Number of protein chains: 4
Amino acid sequence: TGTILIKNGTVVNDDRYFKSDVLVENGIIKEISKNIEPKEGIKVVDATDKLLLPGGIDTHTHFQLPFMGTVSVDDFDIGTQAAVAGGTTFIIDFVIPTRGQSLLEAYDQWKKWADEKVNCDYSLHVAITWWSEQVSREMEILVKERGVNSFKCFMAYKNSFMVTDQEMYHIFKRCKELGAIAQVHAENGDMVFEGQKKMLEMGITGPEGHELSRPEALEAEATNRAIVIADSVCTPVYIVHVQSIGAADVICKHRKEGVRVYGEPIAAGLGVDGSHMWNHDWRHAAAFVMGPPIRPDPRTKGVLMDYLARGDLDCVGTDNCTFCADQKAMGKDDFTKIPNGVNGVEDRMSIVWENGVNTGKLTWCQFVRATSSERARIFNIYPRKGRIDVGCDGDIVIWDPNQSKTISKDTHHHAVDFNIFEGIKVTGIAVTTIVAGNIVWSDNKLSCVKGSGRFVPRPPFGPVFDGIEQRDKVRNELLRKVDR
Amino acid sequence: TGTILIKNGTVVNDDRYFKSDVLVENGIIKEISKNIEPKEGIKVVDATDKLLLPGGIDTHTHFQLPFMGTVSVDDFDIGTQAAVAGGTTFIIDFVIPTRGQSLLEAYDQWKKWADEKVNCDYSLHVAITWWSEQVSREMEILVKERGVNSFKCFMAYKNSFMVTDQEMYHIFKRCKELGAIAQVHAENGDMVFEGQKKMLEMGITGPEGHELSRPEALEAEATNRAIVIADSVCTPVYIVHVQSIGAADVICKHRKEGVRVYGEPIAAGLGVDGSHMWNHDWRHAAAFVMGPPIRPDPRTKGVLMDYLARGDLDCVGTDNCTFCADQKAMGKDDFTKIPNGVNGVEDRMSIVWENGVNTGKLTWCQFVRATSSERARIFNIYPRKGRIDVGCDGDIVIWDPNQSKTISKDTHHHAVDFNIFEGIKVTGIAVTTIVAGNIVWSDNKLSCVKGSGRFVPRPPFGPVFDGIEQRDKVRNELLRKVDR
Amino acid sequence: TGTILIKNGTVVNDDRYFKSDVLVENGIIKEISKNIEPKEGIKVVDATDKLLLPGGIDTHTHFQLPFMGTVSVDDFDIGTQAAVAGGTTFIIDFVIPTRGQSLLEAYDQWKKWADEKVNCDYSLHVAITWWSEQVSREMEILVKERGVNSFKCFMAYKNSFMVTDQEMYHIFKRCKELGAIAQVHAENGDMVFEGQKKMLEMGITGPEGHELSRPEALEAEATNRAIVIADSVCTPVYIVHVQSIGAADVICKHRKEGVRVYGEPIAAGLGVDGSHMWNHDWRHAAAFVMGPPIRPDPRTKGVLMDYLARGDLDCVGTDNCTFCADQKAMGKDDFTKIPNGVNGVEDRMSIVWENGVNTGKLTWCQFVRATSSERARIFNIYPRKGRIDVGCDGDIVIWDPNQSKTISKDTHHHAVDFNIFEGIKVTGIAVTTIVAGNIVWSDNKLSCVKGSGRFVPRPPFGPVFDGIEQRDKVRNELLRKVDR
Amino acid sequence: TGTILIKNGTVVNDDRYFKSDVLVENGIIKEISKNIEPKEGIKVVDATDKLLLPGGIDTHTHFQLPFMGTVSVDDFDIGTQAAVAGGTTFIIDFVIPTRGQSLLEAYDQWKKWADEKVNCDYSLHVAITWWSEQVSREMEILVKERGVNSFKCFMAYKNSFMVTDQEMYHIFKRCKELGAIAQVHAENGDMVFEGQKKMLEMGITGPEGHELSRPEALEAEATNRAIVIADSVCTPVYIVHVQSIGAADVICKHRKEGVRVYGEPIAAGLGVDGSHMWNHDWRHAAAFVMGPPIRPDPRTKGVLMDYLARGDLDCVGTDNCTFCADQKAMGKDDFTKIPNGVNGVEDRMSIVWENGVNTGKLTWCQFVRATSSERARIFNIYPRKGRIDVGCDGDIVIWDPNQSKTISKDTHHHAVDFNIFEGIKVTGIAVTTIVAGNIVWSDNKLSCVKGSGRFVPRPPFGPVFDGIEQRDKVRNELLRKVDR
Ligand SMILES: [Zn+2]
Ligand SMILES: [Zn+2]
Ligand SMILES: [Zn+2]
Ligand SMILES: [Zn+2]
Ligand SMILES: [Zn+2]
Ligand SMILES: [Zn+2]
Ligand SMILES: [Zn+2]
Ligand SMILES: [Zn+2]
């Protein structure tokens with residue numbers, strides 16, 4: 001039906017929380033009121049002592065990602081099952097063209113894989129893995145016709161996706177022109193390449209070689225450069241998987257001066273540290289490898305959450321990019337061949353809850369901002385997503401702030417046989433998830449429908465562009481020309 | 001009637017803006033919709049090309065303040081007329097007991113003056129000008145019975161209102177216990193007193209002696225100390241009239257580490273600099289005198305707005321405390337006897353607009369946050385105030401972002417014969433103000449009703465206390481006792 | 001004789017290091033040259049592969065301190081033996097008047113205790129434990145007649161030594177007038193008192209209660225306030241035992257803006273952390289108690305050394321204030337009655353060496369600055385002390401950067417039966433110490449002469465006052481008076 | 001003779017100042033003593049009420065620089081005359097190979113031009129304008145045979161000298177290996193190129209187009225990147241002409257964490273602001289053009305001096321690169337063709353004095369550090385240069401802190417017919433300069449000898465490399481390899 005009535009709980013939006021019953025009809029919220037009588041035949045859910053949160057939005061997923069002939073184990077079906085079991089009802093995945101491949105053809109491939117499989121709504125960012133006139137031209141079609149308002153370039157990955165300062169400059173101008181946000185994987189690629197060469201030459205072949213090849217100052221430098229270029233163009237920039245203190249500090253520094261930069265920590269960075277790469281077990285060590293690496297500095301995750309609470313970091317993704325032991329073992333004598341990526345789609349919200357709320361770092365409202373509402377505004381799908389209000393989509397999570405769980409591979413819903421949050425006790429979990437007025441997770445069991453989810457288009461010139469027309473006006477250099 | 005229909009404009013809340021018509025019935029918003037047909041006999045206002053903002057909330061007013069036998073010239077009637085002519089539909093004024101005077105008796109006096117005169121809704125903070133057991137006891141009655149959730153102590157004014165560290169500690173614990181926010185006038189009082197003695201001893205008697213007697217480092221030091229004490233108690237603190245870079249930086253520093261501190265710049269600090277105290281005309285110079293002083297550092301107001309945009313400063317007050325030339329002239333041979341205070345209730349919003357929006361520093365939504373919605377949440381009157389939503393109070397401002405005006409005493413609605421924003425050109429003004437569904441400002445004319453406004457109670461344990469129970473839990477020192 | 005020739009070593013001053021032989025005659029350096037032939041009968045020391053450093057200067061000692069009827073176990077004889085065994089040839093101790101006691105009478109007592117006992121040269125600071133006209137007057141005699149140029153006030157110790165803002169202001173003006181540096185024990189005394197009351201009321205009686213009663217934000221706040229007051233007066237201020245990151249950051253902040261503030265970390269803060277106060281053994285825990293406490297934040301000592309290397313902290317003292325197990329046990333049911341103080345006079349230099357040099361944090365020259373030369377300039381006894389140059393005092397340490405040692409009570413030369421640096425392995429120690437051309441430590445044995453050491457007077461208006469006359473000129477507020 | 005006796009003045013070194021007479025014999029300081037009797041026939045100079053400073057060292061000169069077929073107007077003869085008239089007795093100039101030209105052949109050319117012309121001692125840095133195996137190989141000969149210990153690469157000048165991150169990495173490793181300091185012209189070259197294209201396309205052809213083409217964030221970004229790369233290699237880096245607040249802040253940030261970075265402000269940055277590029281007169285505007293540009297932010301020069309005083313910036317150069325009106329006019333319709341460079345060799349010290357000492361920002365000793373002694377240590381020519389001590393070179397400046405002068409082209413000793421410090425009143429000037437015991441400036445007149453000056457070689461592995469062997473040890477990544 002997509003029709004359900006949720007009674008006796010507390011609604012929590014990012015502006016306030018309050019006691020109210022919520023009615024969803026034909027997948028849309030119809031009524032919010034202190035007491036809604038159940039009519040004949042309507043399904044009723046009890047949220048006594050529980051919270052109604054807008055469904056989580058995961059801004060950073062890589063389901064079913066092709067890599068070196070193999071593929072990520074978590075795909076669009078299993079992946080979205082895991083999402084809703086953890087309170088996340090919307091994922092944004094990355095289209096990743098091969099070099100010289102058309103973005104439209106790559107986009108077509110991605111949307112076909114998803115449309116068939118998704119158990120919840122989704123949308124897509126497009127990575128700019130190579131640059132040319134035709135690429136520039138296909139960006140316009142994506143934005144105008146294919147519901148895209150976000151593009152991603154890489155400062156890392158020399159000899160493949162890496163772009164230069166001159167290219168990045170022009171990519172950002174094109175983003176500006178089309179009203180798209182510009183995303184950046186920000187590490188100094190030339191130095192990551194020299195550091196990989198150095199570590200392997202020293203015989204440091206294990207996963208720990210990964211962190212040592214790329215310390216956090218290379219992430220902070222590249223973050224700095226990408227913001228300086230973006231501020232010159234005068235267009236919104238978005239730093240994906242901000243993993244380090246240094247890079248977080250850079251973002252805070254520039255934001256303070258009024259620069260239009262957004263930042264995205266991820267569940268791994270908020271939940272674990274990089275000392276697992278020094279584990280004597282190779283399998284365990286290699287399982288935590290991703291890029292940028294999870295940082296071994298112990299104060300890292302707390303500081304990332306501090307910035308998150310302040311709004312100097314905006315929203316939490318996962319970078320969900322999962323590979324099995326056998327796939328990971330491709331790099332057993334060479335850390336550079338370990339497929340990069342960890343899990344998080346299922347556990348993001350409970351990890352954010354445990355490390356943010358239960359530490360006193362985040363209030364309930366700041367948790368909703370950090371996990372749905374701000375993402376929605378940034379990618380221009382608010383208030384359809386990320387808000388419990390009349391007219392908005394009936395995607396809702398019944399959250400129990402008092403139920404405990406220890407996270408383990410033995411009980412997760414990922415297709416991969418390892419979890420980086422193994423043994424971590426959390427208090428506060430999703431006990432029922434509702435997508436389009438339908439229960440898809442409840443009583444510790446999934447009731448998904450494969451291919452239920454829909455693609456959601458994202459118009460250009462959203463909130464991230466508010467103020468920029470005026471900024472362009474006041475920064476006009478003709479205002480500063482001397483008439484001689 | 002308190003019933004009105006506003007058509008063809010854009011609603012602007014602090015989360016998003018959108019095209020919609022707004023219907024107000026019996027003083028409450030009834031319907032928000034893209035097209036509302038006017039019924040028979042209903043008054044219709046056109047907001048074509050205009051914005052519908054929640055009425056401004058001024059957190060810091062001193063209408064009709066007794067001082068040295070005389071009184072502030074702007075009172076509760078004329079004062080609230082000026083407010084609505086500038087888009088402000090809610091003021092919070094300070095009850096100021098004399099030393100040894102009952103707070104309840106002082107509160108009774110204040111509410112009587114206001115109830116008779118106000119043209120818009122209001123509420124009241126209570127200053128703690130002296131400390132004792134009975135004071136502590138009357139705070140409970142105020143909070144429980146008299147609708148107060150905010151108390152103010154002074155670190156300045158030696159030999160009168162000043163409190164010591166030990167007193168401030170206990171006042172904040174009492175605030176914590178009652179669920180009230182703790183406000184602070186933060187200057188080092190002992191040093192302000194020695195600096196006044198020094199300046200006058202040097203023969204520096206003019207208004208410029210005022211700034212020199214109290215440079216900004218005394219404000220920053222006292223701000224620092226008040227937050228450290230408040231963080232130890234673990235209770236929300238609120239820094240009133242943050243006038244300086246140094247004090248703003250201190251607040252940012254502590255907030256970053258997760259300290260629960262709020263800050264309030266004022267219209268004067270956002271709109272002018274303290275170089276007017278060096279004006280060769282004594283009258284002009286003395287007219288800008290207030291405490292803390294307006295700062296002569298030119299980069300001050302821009303930096304205050306930067307912090308405001310970031311949310312490191314929360315909301316804008318006025319410290320509206322107006323005196324005429326004759327009153328100001330009491331201190332003609334002694335700056336210490338110049339009655340302290342300037343205007344701003346009328347011009348706050350246009351000044352914030354001109355310096356925030358038209359500089360590119362603030363978006364439209366961040367302007368609403370800075371002028372209504374955040375104040376409302378902080379003082380626990382959201383979403384009744386500071387939001388255009390169904391069920392909320394029909395206090396609305398029709399804002400024209402494109403109409404210009406030069407501010408002058410020759411056209412203002414203050415009772416005082418001087419304006420600190422004289423000659424300042426602003427673009428973006430309130431063209432119609434609506435309080436409780438009734439037009440009170442339109443077509444450049446007032447149509448107020450004296451004593452129309454109501455007192456609005458403010459429950460304790462509002463948003464400013466979210467997270468604190470958990471913080472108390474995790475900071476519990478018994479968790480850190482060694483069992484020997 | 002006080003005559004000795006040191007051959008084959010490297011001289012290390014704070015400006016450069018170089019190979020040279022050093023000749024000392026009648027206690028003064030006579031010649032520095034690449035090759036000095038030994039004459040008939042002259043004693044020769046070999047420093048092949050070793051360094052010649054200026055004798056260490058310990059700016060902060062409390063030998064033989066009266067406390068609650070008992071006395072510190074390390075006195076002026078045993079204490080100075082321990083100093084030279086560790087490479088320190090000059091101590092500055094604090095005269096501490098009782099409240100209402102004459103400073104001159106207290107000074108007389110101190111100098112009598114020392115003159116009889118010291119094995120190396122010394123001098124004395126005077127604490128201002130109470131304030132009055134007569135105190136102000138005795139400060140002038142001390143500075144003019146008794147060789148003192150440094151005075152100390154307390155912001156902590158409510159109901160005893162604590163001074164208010166108004167008193168501190170006037171004490172600093174008096175210091176300014178007399179050309180003395182103003183030292184400050186910087187903790188918020190009112191809050192330390194409320195925190196002690198709170199901890200004991202919770203039943204947290206052990207040493208860990210000490211840290212919890214006084215977290216580092218109370219040190220940082222008081223440091224901040226003391227510098228703001230000192231900058232207003234325009235006179236040099238010196239922060240003793242800077243134990244925390246927060247307080248170090250405050251000093252860096254102000255110094256950057258050009259404020260005349262100096263800071264003194266101590267060997268304990270550079271060498272250990274406060275987690276020893278949570279030791280399950282009461283004796284061990286209580287042994288690390290001092291004020292301000294050693295901080296449990298693990299990154300503390302590294303950050304203190306970073307600032308030291310930068311010159312944002314100037315020189316290292318010890319706060320050597322030692323008590324035996326039996327004395328410590330006075331506070332067995334009450335941490336507030338544990339006599340405050342730890343050891344360090346012997347181990348300061350090796351601890352600074354191990355944590356500064358061997359970490360790569362300090363060069364050899366920066367080590368000499370941090371342990372002698374900067375102290376000497378600050379307290380105006382340079383280049384007589386803290387430099388190997390012709391004409392300078394023949395106090396020299398033969399340092400072996402390659403000899404290792406584990407520090408222990410079983411081998412130290414302190415009179416106390418406990419060492420806070422127990423079990424710490426250091427590489428780089430003093431192997432021979434020379435005071436006034438005489439060997440007092442060599443071949444792991446003492447050869448001191450009791451009462452050999454002399455009192456060294458310290459003229460007012462030293463280096464710490466360079467620039468201040470010009471600062472007073474440019475800050476003259478009459479330059480900013482408006483002529484009306 | 002090179003023999004002179006200076007009586008009645010105060011010696012000022014960077015560690016202390018003191019009254020003493022100084023005797024120079026055969027060009028070397030022979031005796032320093034409170035009273036030196038003049039023998040028969042010895043020349044005596046009176047420095048009653050005056051200061052004896054070590055001769056100024058200018059680390060950054062471009063005398064006689066070939067540019068676009070023309071040459072800088074100040075050459076090695078006239079240039080060194082101007083230097084000594086301003087108290088500077090040592091210049092370090094840059095050898096600048098054309099692309100594909102041998103460094104040795106370029107070095108040979110430079111040394112030939114200088115040896116014939118210099119009136120005071122000099123030495124040479126070598127710019128790395130292109131990178132190859134042979135270049136790498138010629139660096140070794142320069143360091144081992146030709147007395148060079150400093151090399152310079154460019155991050156600006158796309159399509160000519162610019163180097164990439166990968167090249168810069170390898171250049172710094174080569175510097176490390178040879179014990180040379182690595183200098184960096186730090187602006188983002190790709191962005192400077194796009195900004196030049198943009199400004200000219202907008203029709204902004206005047207000198208103001210220069211600043212607008214290259215705001216300070218491009219200097220701060222490139223400064224940041226060069227330090228991150230240098231810190232990874234673990235070798236000393238030196239930022240030349242630090243012109244901006246942003247870039248100064250970056251250096252402070254990294255230095256704090258212990259990074260081995262040095263910074264060089266220049267006299268123009270310390271003395272004037274970039275608002276002269278907006279002068280309505282084209283000639284005046286174009287005369288202030290250099291790269292990076294002088295910054296129009298008014299608080300710039302004060303903040304640069306603050307950092308200088310702190311030692312976060314080390315020493316002052318000039319970037320003396322002078323062109324006449326006719327040469328400047330090459331870019332009359334195109335700011336990109338204006339030959340870049342301003343004057344400063346003559347006025348550096350008085351400008352530093354006026355803005356540093358007379359503001360209260362620098363003491364006398366910190367002025368000597370900033371103008372000679374620190375440069376000498378950094379480029380490894382201390383204490384031969386930058387110190388008044390026995391054995392050191394008899395290059396001395398008699399400084400009058402009380403003599404005033406207004407700077408003008410009508411009285412300077414530059415060959416160019418314009419001065420950027422025109423009309424600036426300074427108090428404190430060089431009244432007599434002495435090079436190698438000979439008077440070369442006195443009684444407002446030059447008495448130089450052309451080709452008197454000598455080339456001074458600079459050994460590798462100087463002070464800038466102290467600590468680095470230990471840093472390499474502790475940073476060894478093999479210490480962090482997991483043994484599996
Ligand atoms: Zn990435
Ligand atoms: Zn990714
Ligand atoms: Zn106030
Ligand atoms: Zn007020
Ligand atoms: Zn103390
Ligand atoms: Zn002490
Ligand atoms: Zn350059
Ligand atoms: Zn240059």
# chains A, B, ... in the order shown; residues from 1 in each chain; ligands from 1

$ residues_near_ligand --ligand "ligand 6" --cutoff "7 Å" --atoms "only C-alpha atoms and all ligand atoms" --output "list in words"
residues 60, 61, 62 and 319 of chain C

$ write_last_selection --atoms "N, CA, C and O atoms" --output "PDB file, in the first residue's frame"
ATOM      1  N   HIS C  60      63.766  27.335  39.000  1.00  0.00           N
ATOM      2  CA  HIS C  60      62.643  27.059  39.870  1.00  0.00           C
ATOM      3  C   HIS C  60      62.915  25.919  40.850  1.00  0.00           C
ATOM      4  O   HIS C  60      62.594  24.759  40.566  1.00  0.00           O
ATOM      5  N   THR C  61      63.471  26.277  42.012  1.00  0.00           N
ATOM      6  CA  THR C  61      63.772  25.333  43.095  1.00  0.00           C
ATOM      7  C   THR C  61      63.111  25.755  44.429  1.00  0.00           C
ATOM      8  O   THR C  61      62.837  26.945  44.677  1.00  0.00           O
ATOM      9  N   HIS C  62      62.844  24.749  45.263  1.00  0.00           N
ATOM     10  CA  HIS C  62      62.249  24.948  46.581  1.00  0.00           C
ATOM     11  C   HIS C  62      62.948  24.075  47.613  1.00  0.00           C
ATOM     12  O   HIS C  62      62.307  23.272  48.293  1.00  0.00           O
ATOM     13  N   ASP C 319      60.824  22.929  39.766  1.00  0.00           N
ATOM     14  CA  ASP C 319      59.884  23.030  40.871  1.00  0.00           C
ATOM     15  C   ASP C 319      60.246  21.984  41.938  1.00  0.00           C
ATOM     16  O   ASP C 319      59.375  21.315  42.519  1.00  0.00           O
TER      17      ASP C 319
END

$ interface_residues --of "chain B" --to "chain C" --cutoff "7 Å" --atoms "only C-alpha atoms" --output "MDAnalysis selection string"
chainID B and resid 165:166 190 204 208 217 221 224:225 228 278 280 481:482 484

$ select_by_dssp --residues "range 41-145 of chain C" --states "strand (DSSP E)" --output "PyMOL selection string"
chain C and resi 44-46+51-54+56-61+66-67+70-71+88-95+121-127

$ residues_near_ligand --ligand "ligand 4" --cutoff "12 Å" --atoms "only C-alpha atoms and all ligand atoms" --output "number ranges by chain"
B: 58-63, 65, 92-96, 125-127, 152-154, 156, 183-186, 239-243, 264-266, 290-293, 317-322, 340-344

$ residues_around --residues "range 395-399 of chain B" --least-positions-apart "5" --cutoff "10 Å" --atoms "only C-alpha atoms" --output "CSV table (one decimal) with C-alpha atoms, in the first residue's frame"
chain,number,residue,atom,x,y,z
B,6,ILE,CA,-0.4,36.9,1.7
B,9,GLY,CA,5.8,35.9,-2.4
B,10,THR,CA,8.6,33.6,-1.4
B,11,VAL,CA,8.6,32.0,2.0
B,22,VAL,CA,0.3,32.1,3.3
B,24,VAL,CA,-3.3,33.5,8.7
B,27,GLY,CA,-3.5,35.2,14.4
B,28,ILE,CA,-2.2,31.7,13.6
B,29,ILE,CA,-0.9,30.4,10.3
B,45,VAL,CA,-1.6,41.4,0.7
B,46,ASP,CA,0.6,41.2,-2.5
B,47,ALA,CA,4.2,40.0,-2.0
B,48,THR,CA,5.0,39.7,-5.7
B,49,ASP,CA,8.9,39.8,-6.0
B,50,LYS,CA,9.1,40.0,-2.2
B,51,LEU,CA,10.1,37.7,0.7
B,52,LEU,CA,8.0,36.4,3.6
B,53,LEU,CA,10.3,36.2,6.6
B,54,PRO,CA,9.4,35.2,10.2
B,55,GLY,CA,9.2,38.3,12.3
B,56,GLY,CA,12.6,39.5,13.7
B,84,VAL,CA,7.9,46.7,13.6
B,85,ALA,CA,8.9,49.5,11.2
B,86,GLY,CA,12.1,47.6,10.9
B,87,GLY,CA,10.7,44.0,10.6
B,88,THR,CA,11.1,43.0,14.3
B,89,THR,CA,8.0,41.6,15.9
B,90,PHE,CA,9.4,40.2,19.2
B,120,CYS,CA,4.0,43.4,19.5
B,121,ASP,CA,4.7,40.3,21.6
B,350,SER,CA,18.4,46.2,7.3
B,384,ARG,CA,5.7,29.5,17.8
B,385,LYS,CA,8.1,32.3,16.9
B,386,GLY,CA,10.8,32.3,14.2
B,387,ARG,CA,9.0,30.0,11.7
B,388,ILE,CA,6.5,30.2,8.9
B,428,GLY,CA,16.7,45.4,1.4
B,429,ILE,CA,14.0,46.7,3.9
B,430,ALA,CA,10.8,45.7,5.6
B,431,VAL,CA,7.9,47.1,3.5
B,432,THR,CA,5.1,45.4,5.5
B,433,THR,CA,5.1,44.0,9.0
B,434,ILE,CA,2.3,41.7,10.3
B,435,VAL,CA,1.8,40.9,14.0
B,436,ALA,CA,-0.9,38.3,14.9
B,437,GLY,CA,-2.4,38.5,11.5
B,438,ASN,CA,-2.7,42.3,11.6
B,439,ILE,CA,-0.9,44.9,9.5
B,441,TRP,CA,3.5,48.6,9.3
B,442,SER,CA,2.7,49.2,5.6

$ atom_distance --atom1 "CA of residue 122 in chain D" --atom2 "CA of residue 44 in chain D"
26.7 Å

$ select_by_dssp --residues "range 132-270 of chain A" --states "helix (DSSP H, G or I)" --output "PyMOL selection string"
chain A and resi 133-145+165-178+189-201+208-213+217-233+245-256+267-270

$ atom_distance --atom1 "CA of residue 406 in chain C" --atom2 "CA of residue 474 in chain D"
20.2 Å

$ closest_residue --among "A:109, A:336, A:411, A:3" --to "residue 43 in chain A" --atoms "only C-alpha atoms"
A:3

$ closest_residue --among "B:104, B:36, B:233, B:162" --to "ligand 3" --atoms "only C-alpha atoms and all ligand atoms"
B:162

$ atom_distance --atom1 "CA of residue 101 in chain B" --atom2 "CA of residue 124 in chain B"
17.2 Å

$ residues_around --residues "residue 413 in chain A" --least-positions-apart "5" --cutoff "9 Å" --atoms "only C-alpha atoms" --output "MDAnalysis selection string"
chainID A and resid 78:79 81:83 85 346
